[PDB]
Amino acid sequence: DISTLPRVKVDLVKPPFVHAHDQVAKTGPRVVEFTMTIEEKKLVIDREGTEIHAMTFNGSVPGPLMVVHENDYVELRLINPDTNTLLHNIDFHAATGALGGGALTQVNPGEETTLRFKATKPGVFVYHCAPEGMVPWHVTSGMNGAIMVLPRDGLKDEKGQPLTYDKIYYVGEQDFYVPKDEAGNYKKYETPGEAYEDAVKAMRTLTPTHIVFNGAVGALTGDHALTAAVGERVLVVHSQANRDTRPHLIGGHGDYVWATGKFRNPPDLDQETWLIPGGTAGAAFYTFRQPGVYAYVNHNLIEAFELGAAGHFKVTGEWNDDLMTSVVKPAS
């Protein structure tokens, strides 16, 4: 009887940060209550000032990471305020039935709904909007995020021993398809209905104009670089709701990687790069061994360095000359 279970309300945080949770479950199964408010908003996505009409869960691209344990119930109140213009819904890849919830969550502006589902499978999973007939438009306008369903006893390595992260980050990677005129400049539009056919045309090229982390070129750099210290264990959850990606930590590795995100499987060890298929979340665990700047990229390096799919870590601590050193510095 679900009404006999504890309820716990989660207050979500903006990516790449993750709401507080416990890796090993400290209670029995719970109904974990989340609320998200859909926001259609203008977003500047590149250094040139390109502005799109984004479609967001909770004001961010990606939407926030939700965290529960296996066999918890996820109860989401989804709000579509009347200041939005479009119908929206939500599909959880973690859920079973009704198109992941999408068939049960269609909300016009001015409406809300509450969905509950049992998180029966452990892993990281995509969630995304999926309105019938408009699915890729919403997804590729930023309307996607992820949920992590932890095993009740936390993560385990390939031998069944615990893996405990000290920090966790959520990198959502977004492919945008900003319509281009025949000279190659972006078009912007006066209403969503006026934009729809050229959005479809742009999407049908299968060639993103932008591929970004955390909603914009450079979002995970500078004052918003990811951080760690030498010796810290970091889990990086990475999602891509629509298109393949190949994450890579420049100067590091994925020590343990669930490339397709499902924790009942043993992780892949010692990865340089891994393939997260479109429509999937993956997770990589790494223990930092060197300080300095790292780049975290999609290792299609055109996608990374020309289209935007690159962020930074700033890592503090002691340099290990045994692992790496300049024997003779660059010189004539």
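Rigid core (definition): largest C-alpha set, two forms, superposition within 1.5 Å. Note that residue numbering begins at 1 and tracks the sequence as displayed.
Of the two segments 235 to 243 and 91 to 99, the one whose CA positions lie farther from the displayed form in 7 other deposited structures of this protein, once all are superposed on the rigid core, is 91 to 99. Each structure in 7 other deposited structures of this protein is fitted to the shown form on the rigid core, and of 126 to 134 and 176 to 184 the C-alphas lie farther away on average for 176 to 184. Comparing the deposited coordinates for 47 to 55 and 259 to 267, the stretch with the larger average C-alpha B-factor is 47 to 55.
The deposited model assigns a higher average Cα B-factor to 38 to 46 than to the other stretch when 280 to 288 and 38 to 46 are compared.
In the PDB entry, the Cα temperature factor peaks, among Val236, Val200, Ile90, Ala119, at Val200.
In this entry, the residue among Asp244, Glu182, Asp72, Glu173 with the greatest C-alpha B factor is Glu182. When all modelled residues of the chain are sorted by CA temperature factor, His210 is found within the lowest third.
Among the modelled residues of its chain, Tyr127 has a C-alpha B-factor that falls in the lowest third, as given in the PDB entry. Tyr169 sits in the lowest third of its chain by CA B factor, as recorded in the PDB entry.
Sorting the modelled residues of the chain by their CA temperature factor places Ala146 in the lowest third.
Sort the chain's modelled residues by C-alpha temperature factor and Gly317 lands in the highest third, per the entry.
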